[PDB]
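Below is one structure; the comments refer to it alone.
Residue numbers (the entry's author numbering), protein chains in the order written: chain L, 1 to 107; chain H, 1 to 120; chain A, 358 to 553.
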């Protein structure tokens with residue numbers, strides 16, 4: 001029905017140079033996307049509330065970009081919270097299959 | 001509501017049923033439409049159920065053709081869980097959560113949830 | 358707008374309009390040419406998204422409500438609406454579209470209140486949890502944000518059809534000089550002579 005492709009799993013590198021997320025879904029969308037941050041042993045929470053816009057309780061370290069078929073971000077500052085797992089989620093298509101995320105291997 | 005009541009877990013053998021709940025009190029059920037998602041240690045996430053905030057239509061999942069039974073009531077604003085013929089696919093974490101006040105998605109804050117373990 | 362006499366330099370010297378900027382042609386070098394038809398549209402949006410009313414750009418109002426053609430030489434004029442449009446208690450008469458079938462074409466008006474389908478199921482009147490009402494209102498409050506403050510945006514366009522022209526500048530005139538050798542100019546004649 002709706003396919004979420006979450007990276008070619010080659011971005012697990014050093015946290016320098018401000019690596020982004022290559023979540024791709026080349027089909028119809030209304031630019032209604034939300035993103036999740038998960039640490040192991042911790043329940044995930046939201047990042048953006050409509051599209052490319054930080055909600056209350058988070059600073060401007062995350063800023064989305066993209067519409068229609070592609071979506072990404074630009075991270076601002078390195079942080080101990082950067083060593084975690086990001087999720088890609090879509091809101092329409094009520095069967096509502098979600099993303100899978102990716103790993104980061106520190107070098 | 002800023003908080004939510006923490007649910008419970010179960011250690012039911014396969015072929016049985018699960019009966020837990022995650023119900024808040026003093027909260028308007030019409031706004032912040034509920035949603036259930038599985039935190040799979042592995043493949044990822046998939047949405048389970050979503051019922052109308054005023055009492056009405058509910059939707060089954062693509063992999064759920066009525067296997068996860070949805071019998072929810074609006075007079076007490078019941079938030080429950082019931083299924084049949086328990087399988088090894090259920091080795092995940094149950095999450096009770098809700099999206100924004102509109103029917104379409106506008107941001108969903110999630111709960112801590114409880115894990116459920118399958119062992120035959 | 359037709360058979361008109363319009364002044365354009367008073368808008369630049371009004372000193373109360375925030376966005377006096379557009380594309381195509383400057384209004385200073387606009388009154389030296391004759392035009393035959395003037396179009397005007399009026400709509401209200403909020404603060405910080407007034408940039409994407411231009412061809413070749415994305416957005417929500419630009420892609421689903423109102424857009425411009427690629428050969429758009431007209432001008433856009435916007436100003437604040439802190440007093441009239443915004444009041445206490447909210448105003449639910451200002452709404453913006455969310456849903457339509459495909460990419461917008463330039464210069465059409467849609468009053469399609471029919472709810473837009475998303476899945477393969479039929480809608481059939483009452484909301485079936487995917488077939489949404491495409492219009493959402495605005496919450497007007499006097500202590501709103503800068504980007505959430507409503508703005509009054511008026512766009513205008515110019516064209517040149519085979520019909521005769523209506524507005525040129527009207528470019529005004531000078532005083533009258535008599536009994537001197539002057540270069541007299543008029544509606545359709547030029548020449549050098551003395552007027553008595």
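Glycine included, C-beta positions come from ideal geometry on N, C-alpha and C.
Using a threshold of 8 Å, state whether the C-beta atoms of residue i and residue j are closer than that.
i, j, result
"residue 365 (chain A)", "residue 388 (chain A)", "yes"
"residue 170 (chain L)", "residue 37 (chain L)", "The displayed coordinates of chain L run from 1 to 107. Any statement about residue 170 (chain L) would go beyond what the structure contains."
"residue 50 (chain H)", "residue 33 (chain H)", "yes"
"residue 399 (chain A)", "residue 511 (chain A)", "yes"
"residue 97 (chain H)", "residue 106 (chain H)", "no"
"residue 8 (chain L)", "residue 62 (chain H)", "no"
"residue 39 (chain H)", "residue 113 (chain H)", "yes"
"residue 163 (chain L)", "residue 18 (chain L)", "The first residue shown for chain L is 1 and the last is 107, placing residue 163 (chain L) beyond what the model contains."
"residue 517 (chain A)", "residue 392 (chain A)", "yes"
"residue 359 (chain A)", "residue 429 (chain A)", "no"
"residue 496 (chain A)", "residue 446 (chain A)", "no"
"residue 12 (chain L)", "residue 104 (chain L)", "yes"
"residue 89 (chain L)", "residue 34 (chain L)", "yes"
"residue 553 (chain A)", "residue 529 (chain A)", "no"
"residue 8 (chain H)", "residue 86 (chain H)", "no"
"residue 108 (chain L)", "residue 65 (chain L)", "In the structure as shown, chain L starts at 1 and stops at 107, and residue 108 (chain L) therefore has no counterpart that could be examined."
"residue 425 (chain A)", "residue 384 (chain A)", "no"
"residue 455 (chain A)", "residue 421 (chain A)", "yes"
"residue 35 (chain H)", "residue 99 (chain H)", "yes"
"residue 467 (chain A)", "residue 401 (chain A)", "no"
"residue 492 (chain A)", "residue 452 (chain A)", "yes"
"residue 47 (chain L)", "residue 62 (chain L)", "yes"
"residue 1 (chain H)", "residue 29 (chain H)", "no"
"residue 413 (chain A)", "residue 427 (chain A)", "yes"
"residue 474 (chain A)", "residue 404 (chain A)", "no"
"residue 160 (chain H)", "residue 95 (chain H)", "Lying before the first or after the last residue shown, residue 160 (chain H) is absent from chain H, which here runs from 1 to 120."
"residue 485 (chain A)", "residue 57 (chain H)", "yes"
Tell me the rounded alpha-carbon separation between residue i and residue j.
i, j, result
"residue 69 (chain L)", "residue 372 (chain A)", "43 Å"
"residue 20 (chain L)", "residue 77 (chain H)", "42 Å"
"residue 494 (chain A)", "residue 119 (chain H)", "52 Å"
"residue 347 (chain A)", "residue 509 (chain A)", "The structure shown does not extend to residue 347 (chain A), since chain A spans only 358 to 553, so no value can be given for it."
"residue 50 (chain L)", "residue 91 (chain H)", "32 Å"
"residue 14 (chain L)", "residue 97 (chain L)", "30 Å"
"residue 499 (chain A)", "residue 375 (chain A)", "19 Å"
"residue 550 (chain A)", "residue 537 (chain A)", "8 Å"
"residue 102 (chain H)", "residue 522 (chain A)", "52 Å"
"residue 52 (chain H)", "residue 450 (chain A)", "27 Å"
"residue 13 (chain H)", "residue 19 (chain H)", "13 Å"
"residue 487 (chain A)", "residue 115 (chain H)", "31 Å"
"residue 407 (chain A)", "residue 83 (chain L)", "38 Å"
"residue 31 (chain L)", "residue 367 (chain A)", "41 Å"
"residue 11 (chain H)", "residue 93 (chain H)", "12 Å"
"residue 84 (chain H)", "residue 64 (chain H)", "12 Å"
"residue 77 (chain L)", "residue 6 (chain L)", "23 Å"
"residue 444 (chain A)", "residue 379 (chain A)", "30 Å"
"residue 555 (chain A)", "residue 397 (chain A)", "An answer regarding residue 555 (chain A) cannot be provided, because it is not within the stretch 358 to 553 covered by chain A."
"residue 42 (chain H)", "residue 470 (chain A)", "44 Å"
"residue 545 (chain A)", "residue 362 (chain A)", "19 Å"
"residue 440 (chain A)", "residue 504 (chain A)", "16 Å"
"residue 52 (chain L)", "residue 526 (chain A)", "46 Å"
"residue 431 (chain A)", "residue 381 (chain A)", "6 Å"
"residue 489 (chain A)", "residue 92 (chain L)", "11 Å"
"residue 69 (chain H)", "residue 22 (chain L)", "37 Å"
"residue 87 (chain L)", "residue 482 (chain A)", "36 Å"
"residue 458 (chain A)", "residue 99 (chain L)", "26 Å"
"residue 47 (chain H)", "residue 67 (chain L)", "23 Å"
Under 8 Å between beta-carbons, which chain H residues line up against residue i? List them in chain order, please.
i, result
"residue 381 (chain A)", "The premise fails here: residue 381 (chain A) is roughly 38 Å from chain H at the closest Cβ pair, so nothing lies under 8 Å."
"residue 486 (chain A)", "50, 52, 57, 59, 103"
"residue 489 (chain A)", "103, 104"
"residue 34 (chain L)", "105, 107, 108"
Please confirm whether any heavy atom of the ligand ATP lies closer than 7 Å to the CB of residue i.
i, result
"residue 528 (chain A)", "With respect to the ligand ATP, the structure offers nothing, as it holds no ligand at all."
For residue i, which residues in chain L fall below 8 Å Cβ to Cβ?
i, result
"residue 109 (chain H)", "45, 46"
"residue 112 (chain H)", "43"
Since residue i meets chain L, which of its residues come closer than 7 Å, beta carbon to beta carbon?
i, result
"residue 475 (chain A)", "92"
Taking C-beta pairs closer than 7 Å, name the residues in chain H that residue i reaches, listed in chain order.
i, result
"residue 97 (chain L)", "46"
"residue 100 (chain L)", "43, 44"
Residues of chain H with CB closer than 9 Å to the CB of residue i, please, in chain order.
i, result
"residue 49 (chain L)", "100, 106, 107"
"residue 105 (chain L)", "Going along chain H, no residue has its Cβ under 9 Å from residue 105 (chain L), so there is no contact; the nearest lies around 18 Å."
Taking 8 Å as the threshold (beta carbon to beta carbon), is residue i in contact with chain D?
i, result
"residue 24 (chain H)", "The structure shown contains no chain D; its protein chains are L, H and A."
Interfacial residues, the region 83 to 94 of chain L to chain A, with Cβ spacing under 9 Å = Listed in chain order, the positions of the region 83 to 94 of chain L with a beta carbon within less than 9 Å of a beta carbon of chain A are 92, 93, 94.
key: Start-end ranges of the beta strand (DSSP E) lying completely within the region 34 to 91 of chain L, minimum 3 residues   = Those beta strand (DSSP E) runs which fall completely within the region 34 to 91 of chain L and span 3+ residues are 70 to 73, 85 to 90.
query = Listed from N- to C-terminal order along the chain, which residues in the region 55 to 81 of chain L have their beta-carbon within a distance smaller than 9 Å of any beta-carbon of chain A?
reply = Residues are counted here when their Cβ sits less than 9 Å from a Cβ of chain A; for the region 55 to 81 of chain L these are 67, 68, given in chain order.
inquiry  = Give me the subset of the region 398 to 416 of chain A whose CB atoms are less than 9 Å from a CB atom of chain L, sorted by chain position.
reply    = Within the region 398 to 416 of chain A, the residues whose Cβ lies closer than 9 Å to some Cβ of chain L are 415, listed in chain order.
Contiguous alpha helix (DSSP H) assignments of at least 4 residues, all confined to the region 366 to 445 of chain A = Taking only runs of at least 4 residues, the alpha helix (DSSP H) segments lying wholly in the region 366 to 445 of chain A are 366 to 369, 418 to 421.
ask   = Which residues, in chain order, does the region 15 to 48 of chain H contribute to contact with chain L at a C-beta distance below 7 Å?
value = Residues passing the 7 Å Cβ filter: 43, 44, 45, 46, 47.
Contacting positions in the region 69 to 101 of chain H - beta carbon closer than 7 Å to chain L = Answer in chain order: no residues at all.
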